[PDB]
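Encoded as structure tokens, the structure appears first; notes follow it.
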Amino acid sequence: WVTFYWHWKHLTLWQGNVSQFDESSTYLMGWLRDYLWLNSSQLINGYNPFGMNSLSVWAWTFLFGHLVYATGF
Amino acid sequence: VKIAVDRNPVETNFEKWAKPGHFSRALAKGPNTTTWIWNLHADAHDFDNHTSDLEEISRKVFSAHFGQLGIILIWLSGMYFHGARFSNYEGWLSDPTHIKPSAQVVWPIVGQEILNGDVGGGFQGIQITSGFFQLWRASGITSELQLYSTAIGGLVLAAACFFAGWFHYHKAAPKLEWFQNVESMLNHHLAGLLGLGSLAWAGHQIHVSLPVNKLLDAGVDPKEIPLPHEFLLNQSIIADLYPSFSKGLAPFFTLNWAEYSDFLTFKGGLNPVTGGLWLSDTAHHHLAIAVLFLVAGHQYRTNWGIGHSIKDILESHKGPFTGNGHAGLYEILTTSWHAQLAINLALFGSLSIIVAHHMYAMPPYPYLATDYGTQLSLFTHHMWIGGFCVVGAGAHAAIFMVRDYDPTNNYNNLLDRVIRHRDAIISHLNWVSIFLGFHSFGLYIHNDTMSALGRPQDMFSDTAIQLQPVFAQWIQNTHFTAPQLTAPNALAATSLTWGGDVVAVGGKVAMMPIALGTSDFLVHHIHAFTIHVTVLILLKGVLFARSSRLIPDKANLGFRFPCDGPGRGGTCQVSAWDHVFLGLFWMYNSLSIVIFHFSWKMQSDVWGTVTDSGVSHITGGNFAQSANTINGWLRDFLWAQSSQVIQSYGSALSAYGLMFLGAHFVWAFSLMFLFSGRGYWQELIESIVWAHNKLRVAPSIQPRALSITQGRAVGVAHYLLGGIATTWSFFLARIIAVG
Amino acid sequence: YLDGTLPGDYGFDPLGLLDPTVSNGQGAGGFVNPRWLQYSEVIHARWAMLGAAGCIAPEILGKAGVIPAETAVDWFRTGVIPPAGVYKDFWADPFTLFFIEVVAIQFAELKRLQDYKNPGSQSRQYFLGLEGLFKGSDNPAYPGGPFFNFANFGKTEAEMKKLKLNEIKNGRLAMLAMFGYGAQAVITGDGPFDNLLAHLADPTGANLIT
Amino acid sequence: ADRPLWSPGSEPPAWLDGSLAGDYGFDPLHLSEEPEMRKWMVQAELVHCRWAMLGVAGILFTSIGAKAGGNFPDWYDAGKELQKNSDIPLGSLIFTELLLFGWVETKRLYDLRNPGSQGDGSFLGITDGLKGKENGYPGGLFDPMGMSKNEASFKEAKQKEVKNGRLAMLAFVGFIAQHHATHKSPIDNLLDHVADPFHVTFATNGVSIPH
Amino acid sequence: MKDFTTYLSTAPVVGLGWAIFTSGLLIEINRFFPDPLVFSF
Ligand SMILES: CC1=C(C/C=C(\C)CCC[C@H](C)CCC[C@H](C)CCCC(C)C)C(=O)c2ccccc2C1=O
Ligand SMILES: C[As](C)(=O)[O-]
Ligand SMILES: C[As](C)(=O)[O-]
């Protein structure tokens, strides 16, 4: 929670739209939409039939983390 | 076979209600601990735990059956009355193509009225995905004035159903001689309840096929359509509509069935304009069902030396390997209700899932193929119900084996032979699950690795290296060439999912043939893997319930216990109850995978809108080169299709997003229970009780934490609740914004 | 196990629904038991007789020149099943007549049910001076009394049993006849007597098959 | 076997035989089974009767005045047009009503919990009066005429007010049912039925007419 | 009647009677008084 807060604060600050945070940090649908669903398009598109790029290894590791999480479960 | 009941077996009085837990003498003494309430709830229906009087148990079951059917009938009456009082059913009926079904209107209190989505028909409300308007249109309903009376009849029948339950429990409580009439129960369920009902419903569809097939599909307003009674009696009307009538009903007496071709017709398929099917096919099918189930209920000797009983048939079936088989299975069934219940639920959920598969690709209603939402809803609903029923059959098998079983009178060489190699099956299914996991799941890992390493020409693909099935394609080929080669009298194939002929109604394609490639191959292997693992869990729970390799004295510990002790390194989740616990999770996994496959296939390679030049689907065919990788399911399906559920606060679909987040919440909440124990919680309750006793406000009933079994039950309950609710919200908010 | 003492007993009960084995315990209970069943069949025979003639009396009596052809009408075209027909000019309309008959018939019935639940209980309470007429009898099917039996034939019990069996035979035959009127009025859609004239004129022509 | 019952032959309830006025053994929902609930329901029915009789009497008299020629509205929609041109505002009338009725209904209540509690002389020194003669039948001041100082006449005179009140409260349900159908006065429904019995019910909306 | 009144002290009573009273009261206060988010003063 602390890291989500810090990260999304500085993310709304770096886009020059701190008002985005000041307006969407009030409820949970914002945290789910404006932060999790939104700032991940390069994770999904790290590798695709069109062709991968430098962000492919990080996407595969992002999936590796979920695999380890599910093994923990 | 006769009737045997008793008069006033239990006097009707409100006393036994004042003492909760009377049925359990251990509970009736008093609630000295808060576990008393949870045991009251978890044992009220445990009829074989109240007492070993199987007569009283059968009476309790035969009464709870009416208790359930009363609720069923009140539910159907409530649906009909919602459709009657407040709904756009007339508006939908006058224009089914664009007007959407709505039968729930909220109250203006705190802004919830935004949920009253603008559906047209001069009325606003909540869109319903249950499928009642399309089901009612097939009955010639022209105005709202009929659903009121239909609901009245249903409610009267439900009242009479509760009356019959009370009557057969407190005034006409039967005896085990009547309950155990397997001959009568079959020949009256199979022949009467099924055959007579099917014949009645076929005769109904025969005399109601006038409005739907001809008038409703000719732009005739429902008010303009003559009422059904005006179609039934007047012979001139039914002579003008279908020339086969008014002949004199001659061909049916002398069995010269030649002139009856206008209402018992066999066509197959549907017109790309009519949207739905025809009622003549369903009428012929129901007459076939009626005749079949009516003749089948006449193959058992009951009284007049005609036929053969079940016991002789069971005795006259023996082989070289087994020898003396089927010795007491008749007693197996006639003794315990749990055996019959498990045997029923075994294939009951399977046939529910089969009904789902036969409904998604064969919509048996008018003006619903374009309704891309009702199909998904009903399909997923029936599949989850089937999964639960199968897991419940797995549970009740062990339940039977625990209480109502003894290999002395119910002895059978079949069952003991199954038991004597109860370990080779488990070991070989373990090996087969390992095979499938390394050979159905590892392929996705390989594909992700290849796509990430910068070698797209090496990844498994329908273009790089093909791995698609042919056996399913050969079945589709045998079905496609079936007309005129192996099915002469047939016109079309079994379904339009493999026969081209893209049928579209108002831009939206009502049906387009379904392809089967490497993606479907991989996903069906994943399905087989998950189903085999679930069956492994359930069967290893059922078998290792009477005895095992570790603890021989396992039957005395019962069916519902968490463990035996931390000895021999640790014993946890050893009871069949815990195996059902894990089988619920595995059934969740398997059914979820299957429903996601269904949704994404239907949205990628089936559904869409047809333009002047071909059909433009919802998605740009993203199913081909995304299913071959685990990231694809997050690349174009989960990430892409989740925009509406999180973007629906501005419309009447915000409740879907609310349920979405709440289901996530309850899921993690279940994780809480699943990962914790009782020691920590019991000591925390200890300190809280300390805090209480300082002000003298603690309760007289000893507040204890939940039982280990109840802890796991709450865990699995919240877990499946959150999971199913999140997936429901997703599949129900995504499919409304694309249809 | 059908001793034959019952008036209209002939040993016909393949279903054996009358046996004393069913309804083992004693109490109010259900309806499948001899006390209810024989009484119910006598009630059905009584109604069926009272209706079998009432379904064919106006039509036969209209073919003759005694009753006006206006009132003579088919039994199913008099107002019951108003879709088929409704006699337009009575002194009142069908719903008013139906409320009348509801009140009267349920007096008649509920005062009959109470006596079956409580034998003879209807003479106890003062009922506008008609109590001595409602005293009942040992067999509830056969109450008898001053009004109900204003003259007496069955003074001797042998003659009485003969009367009972004659009445029961006529009643069950009239029950067959009533069910004959119904299904026969469905196919032909014509009065029961006219079907007899149409048949006797050309028996094979107006038989059961074609 | 000692009194007429409602259902001839049925067994009367064991908690009421002949002590209550208008007793016929009619209680299928086991109400007023305990002594306290019966002491409550007796006086509840009594007050229902004493209001229903006055209501029906006023309604019938105003209706007869209207039909004869008097300037009298019908029983329905009479509080609407008598308030439009009245000097006493609504609300100021309602709370005056409630203020006058609370003080008397409270004294009526606490004479049920402990009879004779009101005859201690605290209210204007009234001692002999304001003492509950029985459950729901006070006296002394409410009975100026010595018409209850004889049990032989009183047990017979009180057993008929309950019947008149039951009939009056059945008539009041007739007033409501007989308005939603015809929208006419109760006396008008009578003259339109004696002059011609053919204008009986089941003719306007009593039964559904889809055919 | 007596056993019924005794039965009416369990979950099917206050816990139903309660929380029905409370849901009704809150809904009525939010209906007559449409949208409060701050006190009068
Ligand atoms: C929290 C927790 C508990 C404690 C569970 C508790 C305390 C459940 C109690 C909550 C209920 C809902 C209390 C509600 C009862 C109220 C006092 C009265 C009801 C309110 C009325 C209005 C109906 C376990 O027992 C447990 C067991 C095994 C693994 C994990 C856990 C675990 O995590
Ligand atoms: C019925 As007789 C006694 O007159 O024969
Ligand atoms: C109604 As017909 C006489 O034509 O069977």
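Residues are named by chain letter and number: chains run A, B, ... in the order of the structure tokens, numbers start at 1 in each chain, and ligands are numbered from 1 in the order shown.
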
(request) Dump the neighbourhood of ligand 3 as a ChimeraX atom specification: all residues within 7 Å, distances computed on only C-alpha atoms and all ligand atoms. (result) /B:248 /C:187-189

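Based on only C-alpha atoms and all ligand atoms, the protein and nucleic acid residues found within 10 Å of ligand 2 are, by chain and then by number, residues 152, 153, 154, 155, 156, 159, 160, 162 and 163 of chain C.
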
List all protein, DNA and RNA residues that have an atom no more than 6 Å from any atom of ligand 1, counting only C-alpha atoms and all ligand atoms, and report them as a CSV table (one decimal) with C-alpha atoms, in the first residue's frame.
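As a result, selection-v3.csv now contains:
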```
chain,number,residue,atom,x,y,z
B,672,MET,CA,-7.7,-14.6,5.2
B,673,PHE,CA,-9.5,-17.7,6.5
B,674,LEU,CA,-7.7,-20.1,4.2
B,676,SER,CA,-4.8,-18.7,9.0
B,677,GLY,CA,-5.6,-21.0,11.9
B,678,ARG,CA,-7.4,-20.8,15.3
B,705,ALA,CA,-13.6,-18.9,17.3
B,706,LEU,CA,-15.0,-20.9,14.4
B,708,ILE,CA,-11.4,-25.7,11.9
B,711,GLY,CA,-12.9,-22.1,9.2
E,15,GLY,CA,-32.1,-8.8,13.8
```

(request) Select, from A:67, A:11, A:18, A:2, the residue with the minimum atom-to-atom distance to chain B, counting only C-alpha atoms. (result)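 Of A:67, A:11, A:18, A:2, the one nearest chain B is A:67, counting only C-alpha atoms.
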
I'd like the neighbourhood of residue 621 in chain B as a CSV table (one decimal) with C-alpha atoms, in the first residue's frame, where a residue qualifies if any of its atoms comes within 12 Å (using only C-alpha atoms), though same-chain residues fewer than 2 positions away should be ignored.
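out.csv written:
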```csv
chain,number,residue,atom,x,y,z
B,515,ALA,CA,-12.9,-22.8,-36.2
B,600,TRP,CA,-13.2,-15.3,-26.0
B,601,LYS,CA,-13.9,-17.8,-28.8
B,602,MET,CA,-17.4,-16.5,-29.2
B,603,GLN,CA,-16.3,-12.9,-29.2
B,604,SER,CA,-13.3,-13.4,-31.6
B,605,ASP,CA,-14.3,-16.0,-34.2
B,606,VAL,CA,-18.1,-16.1,-34.0
B,607,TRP,CA,-19.8,-12.9,-33.1
B,608,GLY,CA,-19.8,-9.6,-34.9
B,615,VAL,CA,-18.7,-9.7,-41.4
B,616,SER,CA,-16.6,-7.5,-39.1
B,617,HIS,CA,-16.3,-9.3,-35.7
B,618,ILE,CA,-16.1,-7.7,-32.3
B,619,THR,CA,-12.3,-8.3,-32.0
B,623,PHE,CA,-7.9,-15.6,-30.8
B,624,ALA,CA,-5.4,-17.0,-33.2
B,625,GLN,CA,-2.0,-15.8,-31.9
B,626,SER,CA,-2.9,-15.0,-28.3
B,627,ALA,CA,-4.2,-18.2,-26.8
B,636,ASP,CA,-6.2,-9.2,-25.8
B,637,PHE,CA,-8.8,-10.8,-23.5
```
